[PDB]
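We count ligands from 1, going down the list as the structure has it; atoms in each ligand are counted the same way. Along the sequence shown, residues carry numbers from 1.
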Amino acid sequence: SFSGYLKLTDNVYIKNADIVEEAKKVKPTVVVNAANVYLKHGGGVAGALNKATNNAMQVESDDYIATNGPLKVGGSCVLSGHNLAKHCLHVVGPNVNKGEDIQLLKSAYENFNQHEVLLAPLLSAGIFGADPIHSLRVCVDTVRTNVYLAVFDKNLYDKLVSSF
Ligand SMILES: O=C(O)C[C@@H](NC(=O)c1ncnc2[nH]ccc12)c1ccc(F)cc1
């Protein structure tokens, strides 16, 4: 059901789209969230996905943290996708604006290999502060399963495709 995506490799596809609108249209098995270790979904992709769930994502996330403690940078957990997908894979890429190690970006993308197909944002890009051209290269060199990337910023999408 994914449509209008540009094929970058055998398994990586990309589109200039709002991941919330894409998830509402496709209802994928898995939507990836650009999470932090506390699952505090304030801004960026996380804030937008949580708002689309009417805060149900944050209520579920707070119960998960109260039981399990925080995730590791480079780690993930599978929770409900609520009204957006069957599941949400919350993945923690390093936040360069918080001083985190960019070398953990490959470990973050490895979580995608546990799922046959995913709708996802570009990890550690945007307000997480990493070079998005680097994030796209690590994605295509790490993920082996079928990944549909939704890039919100139009200017960024154009820059990523022309430089790929
Ligand atoms: O412009 C971009 O694609 C990069 C940016 N993505 C979004 O904020 C983004 N991407 C897709 N759908 C969206 N809907 C509402 C926001 C949103 C970003 C990626 C990872 C991250 F950790 C933080 C931000």
Closest protein heavy atom (residue, atom, distance) for atom 22 (F) of ligand 1: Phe128 CD1, 2.9 Å
Gap separating the CG atom of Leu39 from the OH atom of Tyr64, nearest 0.5 angstrom: 7.0 Å
Sub-4.0 Å heavy-atom approach of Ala125 to ligand 1: yes
Closest approach of any protein heavy atom to atom 1 (O) of ligand 1, naming residue and atom: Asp153 N, 3.3 Å
pair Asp62-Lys40: side-chain heavy atoms closer than 4.5 Å: yes
From the candidates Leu123, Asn16, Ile127, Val45, the one that places a heavy atom nearest atom 9 (C) of ligand 1: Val45
Protein residue, atom and distance nearest to atom 14 (N) of ligand 1, heavy-atom basis: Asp18 OD1, 3.0 Å
Proximal ligand 1 atoms for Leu122, defined as those under 4.0 Å from one of its heavy atoms: 19 (C), 20 (C)
Protein heavy atom at shortest distance from atom 13 (C) of ligand 1: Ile19 CG2, 3.5 Å
Flag side-chain contact, heavy atom, 4.5 Å: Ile14 against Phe164: no
Side chain proximity check, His87 to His115, heavy atoms < 4.5 angstrom: no
Identity of the nearest option to atom 15 (C) of ligand 1, non-hydrogen atoms only, from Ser124, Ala48, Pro121: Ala48
Ligand 1 atoms in contact with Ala34 (distance to a heavy atom under 4.0 Å): 20 (C), 21 (C), 22 (F)
Ignoring hydrogens and angles, write down the donor-acceptor pairs under 3.5 Å from the side chains of residues 120-133, residues two or more places apart or on other chains.
residue : atom : partner : partner atom : Å
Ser124  : OG   : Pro94   : O            : 2.7
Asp131  : OD1  : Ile133  : N            : 3.0

Side chain, backbone, both or neither: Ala150 near ligand 1, heavy atoms under 4.0 Å: backbone
Any N or O of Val151 closer than 3.5 Å to N or O of ligand 1: no
Test item: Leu136 and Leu8 side chains (from C-beta on) under 4.5 Å apart, heavy atoms: yes
Nearest protein heavy atom with distance in Å, relative to atom 2 (C) of ligand 1: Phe152 N, 3.8 Å
Any side-chain heavy-atom pair of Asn36 and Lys98 under 4.5 Å: yes
Sub-4.5 Å side-chain heavy-atom contact between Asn55 and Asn50: yes
Protein contact to atom 5 (C) of ligand 1 [nearest heavy atom, distance to 0.1 Å]: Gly126 CA, 4.2 Å
Side chain to side chain, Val143 and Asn113, heavy atoms closer than 4.5 Å: yes
